[PDB]
RNA sequence: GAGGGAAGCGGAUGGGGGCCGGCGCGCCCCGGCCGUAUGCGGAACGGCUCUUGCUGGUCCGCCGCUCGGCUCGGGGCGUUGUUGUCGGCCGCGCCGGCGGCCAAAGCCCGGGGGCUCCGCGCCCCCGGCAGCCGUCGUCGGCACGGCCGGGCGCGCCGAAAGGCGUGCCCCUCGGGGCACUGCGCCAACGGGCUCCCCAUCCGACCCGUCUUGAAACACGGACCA
RNA sequence: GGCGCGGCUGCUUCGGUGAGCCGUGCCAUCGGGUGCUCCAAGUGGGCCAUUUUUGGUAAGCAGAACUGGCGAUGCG
RNA sequence: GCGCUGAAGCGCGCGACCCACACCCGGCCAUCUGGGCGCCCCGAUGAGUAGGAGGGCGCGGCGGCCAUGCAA
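Protein chains in written order, with the entry's author numbering: chain S, 1 to 133; chain B, 148 to 196; chain D, 1 to 219; chain F, 1 to 163; chain E, 50 to 98.
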């Protein structure tokens with residue numbers, strides 16, 4: 001079930017990557033996607049090789065939606081308190097420590113998480129506060 | 148070997164089809180017996196309703 | 001359609017017989033379905049899980065159906081396999097793997113000093129008289145305990161059993177070497193002699209186990 | 001595919017929980033009906049539900065007069081279902097009894113009906129004690145009445161001929 | 050369907066031979082056919098009224 | 001990344017290289033700790049009643065009296081990728097039967113006619129009869145591939161598949177169909193992305209606008225914040 | 001929709017008739033392609049093809065009719 | 001385009017093949033059929049400029065709630 005659903009968004013994609021058209025030939029003209037607006041537009045004509053436009057059908061399977069490729073659901077954790085909920089999940093969820101949370105704060109969360117048995121992103125990021133290879 | 152292949156369901160639901168179960172036991176009918184084998188004769192014999 | 005008509009024509013018929021043997025014993029299999037079974041400590045959680053039992057039993061049966069059948073199309077025994085040619089007697093190998101048909105892995109033991117193993121598109125294999133229930137799958141390459149010698153003495157007994165048939169049968173001995181040379185392979189003639197097995201198969205079954213798990217391999 | 005089937009995508013979609021019901025107490029009432037409706041005999045409560053979602057063009061004042069001639073003892077003082085509200089506008093010495101059920105009443109209408117007979121009931125107490133919703137009269141509109149159909153714009157709007 | 054044809058052999062005897070070997074076709078009697086239909090739409094909705 | 005011989009809206013699509021972040025269960029013995037039932041002693045609760053009352057909590061403090069368990073470790077034992085398959089769906093080629101054209105090409109046998117009147121040879125018709133034909137319809141038998149996914153048991157023998165309860169009936173041969181409780185629910189083995197190049201297409205720029213029609217030899221922009 | 005019973009009426013001799021009306025009883029090949037209300041839009045300058053045209057030598061002309069498409073429709 | 005000629009022209013028949021996003025089939029996104037417990041499920045149709053109607057993302061300062069900060 002889940003394994004197959006995770007694989008159906010992640011190994012297929014869709015990675016066309018929807019870049020704004022001809023973003024490359026002016027630098028300033030930004031990468032962020034804009035709908036090809038005007039009639040002649042080849043992309044607008046919704047041709048193949050023209051890079052697909054965004055539409056609802058493009059969408060991922062719900063069962064696979066907002067998951068990390070690991071297939072854990074990420075939960076943003078500001079502090080220790082969020083940890084309780086995360087601990088309940090444990091298997092289901094991975095915890096991601098917000099960038100803001102400070103180095104002095106980060107330590108308590110990390111140890112608590114382990115005890116919680118919710119090792120995920122947080123470990124990586126704590127070795128990332130230490131230094132390191 | 149077209150009713151078997153390509154038949155589909157009625158209103159009071161959606162369509163779920165003319166597959167095994169759901170023509171013997173399901174399908175409406177007030178005229179006669181609605182079931183597959185019986186219906187194919189009744190339609191091409193062209194009688195009452 | 002010709003196999004598939006036979007299944008219909010109760011429905012069940014043996015499965016209408018099956019109930020009966022329980023009905024005959026006496027009065028039963030509603031009570032035993034409801035009253036049973038186990039439970040109650042445990043730790044944690046939903047207990048969403050699982051297996052053994054009832055589905056697994058059709059999946060093994062179901063998996064058994066290509067298995068004769070692919071041999072009826074291609075003819076032979078199964079594994080375990082002998083060098084016909086090469087050395088007059090000599091030794092025994094098991095088809096653990098197909099890279100393909102033709103590219104095959106033929107096997108053995110090695111735990112102290114060891115023994116090779118080959119992947120070949122050929123060199124030297126014609127089959128014997130044993131069947132299992134795999135086709136031609138197991139592997140990486142494992143075995144070991146007595147078994148350079150045992151597998152091998154198992155070889156000698158088959159090589160004697162074969163060598164006599166190679167005398168009676170062949171066109172002669174020199175292209176039994178071309179047949180052994182081939183090793184895709186296959187269809188033409190298969191079943192000569194070498195009677196019976198009961199040991200040969202027991203030996204083959206161990207060989208399959210040995211090229212499986214759990215020895216020498218774990219850290 | 002067909003063009004028929006595209007037109008089939010173009011039916012309605014009437015469907016609406018209204019944009020807000022700021023009253024929480026109405027907001028819970030309007031949901032209750034889809035659980036209760038397919039779970040009892042009550043067609044009426046299922047009708048009240050649409051008419052307490054959608055519109056103000058739909059929400060009824062009913063006067064005590066507009067109950068009063070219209071209930072008149074020949075469906076013998078049943079339960080009168082007023083989707084929106086009662087209003088206070090009559091004097092006769094009003095109703096012959098009566099169990100009246102509505103979202104809202106004015107206080108004068110509340111006072112005058114209960115001192116004539118019966119009870120001014122709230123729709124939820126109605127759902128509790130009349131869950132079947134039978135022996136009940138859906139009485140009634142309006143916004144459909146004389147003032148204002150298309151009679152809008154300035155000085156209007158008219159029989160019509162022109163406007 | 051065999052009996053519908055079948056009276057047409059059983060009474061008749063003018064139908065096969067003369068008929069292979071000569072032209073015009075016969076007097077007497079004829080047996081009728083029925084028959085219901087199926088319709089599948091081969092051509093799309095582009096450029097027709 | 002690539003390069004001094006092969007062509008372009010500068011992307012798309014496929015592939016390699018370059019760069020980089022991530023990395024348990026069952027049992028047994030030893031050590032460790034604690035225990036309920038019942039008597040004590042303290043205490044939130046509850047169904048409910050709703051003045052009020054009755055039965056029913058749970059844990060702790062901690063001794064007595066039986067009789068057991070847990071947990072952290074140690075020691076032994078057993079237990080993400082690919083390929084085989086069972087089920088469904090669709091494709092494929094080949095073989096075979098029967099009925100339709102009252103079946104018939106047919107050939108052998110037997111009889112008559114014609115043409116050609118130079119005779120060969122050609123034709124046509126009818127009965128018995130090996131025979132087998134091209135086509136409609138239909139049924140019967142097999143073997144493969146692709147894609148996607150993971151109804152069955154509930155006593156015994158039998159590796160296996162399979163049969164072993166009994167009544168009915170057709171055939172009365174081999175055999176066949178038909179009838180007769182509930183319940184539950186697989187095998188094997190050990191990465192992303194950027195730029196480039198080659199293939200392929202969009203391709204007619206884009207883009208926006210004007211326009212019936214824009215690549216547009218229609219208009220507007222050097223480039224960006 | 002049709003009939004009967006009963007009241008009332010009409011126009012056209014103190015004259016002939018039905019019709020209307022009300023009241024009361026009786027007897028009777030499709031398949032949502034769909035009604036009404038409020039408020040809003042670009043318009044309020046087209047094109048082409050097919051068929052039928054009228055003008056014009058004709059025209060990638062002009063100007064209609066009837067329709068399908070382009071405009072606003074990919075993909076082959 | 002190379003460019004063929006008892007065809008790689010032409011015509012009359014014919015056999016097998018190829019080839020779309022069509023049609024089927026598998027799995028999934030909106031709306032609607034509805035159904036069932038704030039959530040799940042069955043099947044159908046489902047390009048789009050002008051454009052109506054509806055749900056949502058982001059900016060900046062304010063209030064109540066709720067945090068983060070010597071590494072924002």
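Don't be surprised by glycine CBs; every beta carbon is placed ideally from N, CA and C.
Take residue i as the anchor and find which of the options has the nearest alpha-carbon.
i: residue 168/D; options: 187/D, 192/D and 151/D; result: 192/D
i: residue 192/B; options: 72/E, 85/E and 93/E; result: 85/E
i: residue 63/S; options: 7/S, 120/S and 130/S; result: 7/S
i: residue 29/F; options: 14/F, 41/F and 45/F; result: 45/F
i: residue 84/S; options: 114/S, 57/S, 49/S and 16/S; result: 114/S
i: residue 182/B; options: 189/B, 188/B and 170/B; result: 170/B
i: residue 58/F; options: 139/F, 108/F and 90/F; result: 139/F
i: residue 53/F; options: 149/F, 16/F and 62/F; result: 16/F
i: residue 178/B; options: 157/B, 188/B, 195/B and 148/B; result: 195/B
i: residue 54/E; options: 90/E, 82/E, 92/E and 67/E; result: 82/E
i: residue 21/F; options: 98/F, 61/F and 56/F; result: 56/F
Check the DSSP bridge columns for residue i and list the partner residues they point to.
i: residue 67/S; result: 73/S
i: residue 136/F; result: 79/F
i: residue 97/S; result: 77/S
i: residue 60/S; result: Answer is none; residue 60/S lacks a bridge partner.
i: residue 61/F; result: 85/F
i: residue 81/D; result: 93/D and 127/D
i: residue 10/F; result: DSSP output for residue 10/F lists no bridge partner at all.
i: residue 93/F; result: Note: residue 93/F sits in no beta bridge, so no partner.
i: residue 118/D; result: 106/D
i: residue 98/D; result: 104/D
Check for me: the alpha helix (DSSP H) holding residue i runs from which residue to which?
i: residue 53/D; result: Segment: none, residue 53/D is in no alpha helix (DSSP H) and carries neither H nor E.
i: residue 26/F; result: 24–37
i: residue 59/E; result: 51–60
i: residue 170/B; result: 168–171
i: residue 153/D; result: 147–169
i: residue 24/D; result: 13–25
i: residue 54/S; result: Taken as a continuous stretch (DSSP letters only), residue 54/S belongs to no alpha helix (DSSP H), as it is neither H nor E.
i: residue 35/D; result: 31–35
Write down the C-beta distance between residue i and residue j rounded to the nearest angstrom, noting that I regard them as a contact closer than 8 Å.
i: residue 79/F; j: residue 101/F; result: 6 Å
i: residue 86/S; j: residue 118/S; result: 5 Å
i: residue 103/F; j: residue 133/F; result: With 8 Å as the limit, residue 103/F and residue 133/F do not qualify as a contact, their Cβ atoms being about 15 Å apart.
i: residue 108/D; j: residue 159/D; result: Not quite, the Cβ-Cβ distance comes to about 15 Å (not below 8 Å), so this is no contact.
So what does DSSP say about residue i, is it helix, strand or coil?
i: residue 124/D; result: coil
i: residue 160/B; result: strand
i: residue 92/D; result: strand
i: residue 181/D; result: helix
i: residue 66/E; result: helix
i: residue 134/D; result: coil
i: residue 4/S; result: helix
i: residue 130/S; result: helix
i: residue 58/D; result: helix
i: residue 180/B; result: coil
i: residue 115/S; result: helix
i: residue 43/S; result: helix
i: residue 107/F; result: helix
i: residue 87/S; result: helix
Is residue i close to the ligand MN? I mean its beta-carbon at under 7 Å from any heavy atom of the ligand.
i: residue 37/F; result: The ligand content of the structure shown is nil, which means the ligand MN is not present either.
Could you spell out where the beta strand (DSSP E) holding residue i opens and where it closes?
i: residue 17/F; result: Element bounds for residue 17/F: n/a, residue is neither H nor E.
i: residue 122/F; result: 119–122
i: residue 165/F; result: The structure shown has nothing for residue 165/F, since chain F only spans 1 to 163.
i: residue 105/D; result: 104–106
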